[PDB]
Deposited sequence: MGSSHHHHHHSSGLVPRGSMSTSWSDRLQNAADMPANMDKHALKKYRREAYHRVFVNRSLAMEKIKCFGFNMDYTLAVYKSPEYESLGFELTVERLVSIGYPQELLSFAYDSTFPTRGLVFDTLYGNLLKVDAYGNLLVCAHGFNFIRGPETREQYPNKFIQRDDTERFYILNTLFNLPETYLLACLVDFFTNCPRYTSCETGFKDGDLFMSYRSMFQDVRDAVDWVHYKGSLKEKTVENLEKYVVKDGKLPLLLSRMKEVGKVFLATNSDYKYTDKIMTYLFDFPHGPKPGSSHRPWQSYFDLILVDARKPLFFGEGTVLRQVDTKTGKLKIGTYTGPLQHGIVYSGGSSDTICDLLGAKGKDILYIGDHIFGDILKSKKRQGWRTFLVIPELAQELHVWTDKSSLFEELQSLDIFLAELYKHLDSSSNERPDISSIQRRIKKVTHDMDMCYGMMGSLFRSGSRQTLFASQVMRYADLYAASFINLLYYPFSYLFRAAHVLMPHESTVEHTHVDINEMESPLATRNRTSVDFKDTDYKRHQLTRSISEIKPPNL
């Protein structure tokens, strides 16, 4: 049972919009919207979306496993050894938000202050004393972006696993000599850093120049969660506000995916005429180039939707029905929709590019979609008494911590290691006003709901 199995199981359920059935439904943690800061829904005038892992949630482990295979195939074709072909994606290893230390070749799970929670070199989990050899203070400076790369997106899950597979393979292959900062193969030295760069380049290539998009679109049922409640929720949002799409993807891909997500023999509700995905949006913007989008952005372009090419020149005209934009900036959206930042609820899965930057740069309200939560909630609930045991204790503490963490996977929970919260968890609490396993959970709350969080008090104020 992957998180996308949980999500698709929920998607297969028709909507019962009886006011009491809705209240009853959002009692289950799985269908709730979780609140970091209060948000009066009646003040929200525009709902904005990212596509990838928001509207189009890719099925797991199938989509990660396809990315992994194509990245491996790309590395082998540029001259990495044949043995790479014998790797197979393992969804029980990677947790999102890990840091790759490019100097020493370690994956690290860290808290918000750069304290090390987990260190693995390949598939060897390094304990306390040995980690102090490389990290004397058990601490990394995460502003050292040349050395440390944070694998924060769901697109980075295959490469998280692949980095560990590579370190493991080269360490154990007698053709290579292991050094502190990489591997010697006779007169060739491959540093962890240049290995990491090859991996990152091959992932980029696979998405932009390779076969990933082609293979996705030829089997959408296999790769993409589909839900009859999607048109229903978007149509209800459009009744009370404007709705926009701002995606990094190009028009052709977006049109293929979105067509699929809306491909029902009815519109919003069963019985209603089907309508094209585009009619659900007051504004559609592709090639957004987020996070730059939330600063200077790029020049505003117009898509020729017949060819899928951009028209030549900067677009200087008004918002017209049927027009599709490319590039631009967050100010474009505000100007064209007549919105102030605080009137906008922006819905995305990228805790940096989407959510952090629209909050810090523009004061947008934010809803983070966290697909893994659909399964982390099930673990959190039926290891209730394991965390409670941990909480009661403050040697047994390290053991309980370990067994709590293993229930999630080899790299533990997205949100913690025992009683120590992750960097990812702290970015969520600080920058996501609202969050959930799916934005569909909004359907379970009335139009003008006040999501409420308790007022925060300092220690001297308590």
item	value
Missing CA stretches, deposited numbering from 1, N-terminus first	1-21, 416-439, 508-555
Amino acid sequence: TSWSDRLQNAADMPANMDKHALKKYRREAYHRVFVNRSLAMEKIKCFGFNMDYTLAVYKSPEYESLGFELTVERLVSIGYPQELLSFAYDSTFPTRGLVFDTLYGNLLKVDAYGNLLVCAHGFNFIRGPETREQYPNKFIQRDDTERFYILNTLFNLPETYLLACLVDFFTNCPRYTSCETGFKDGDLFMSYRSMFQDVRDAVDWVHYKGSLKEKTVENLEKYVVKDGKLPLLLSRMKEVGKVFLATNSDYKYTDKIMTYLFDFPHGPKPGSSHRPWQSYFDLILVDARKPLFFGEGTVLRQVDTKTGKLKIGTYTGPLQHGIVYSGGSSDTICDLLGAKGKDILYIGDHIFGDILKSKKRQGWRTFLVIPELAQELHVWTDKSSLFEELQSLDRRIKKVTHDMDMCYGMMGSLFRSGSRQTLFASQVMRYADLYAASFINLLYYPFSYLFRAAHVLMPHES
From here on, numbers count along this sequence of modelled residues.
| query | finding |
| --- | --- |
| At least a third of the other entries leave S358 unmodelled | yes |
| Stretch with the higher entry mean CA B-factor, where the candidates are 350-358 and 307-315 | 350-358 |
| Mean temperature factor over C-alpha atoms, higher-scoring stretch between 22-30 and 39-47 | 22-30 |
| Identity of residue with top Cα B-factor, from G271, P136, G327, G241 | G241 |
| Member of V224, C173, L154, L345 with the greatest C-alpha B factor (per the PDB record) | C173 |
| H321, C-alpha B-factor rank within chain (lowest, middle or highest third) | highest |
| Cα B factor band for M410 (lowest, middle or highest third within the chain) | lowest |
| Third of the chain, ranked by Cα B-factor, where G228 sits | middle |
| Ranked against its chain, the third holding the CA B-factor of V400 | highest |
| Ranked C-alpha temperature factor of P276 among modelled chain residues, by third | middle |
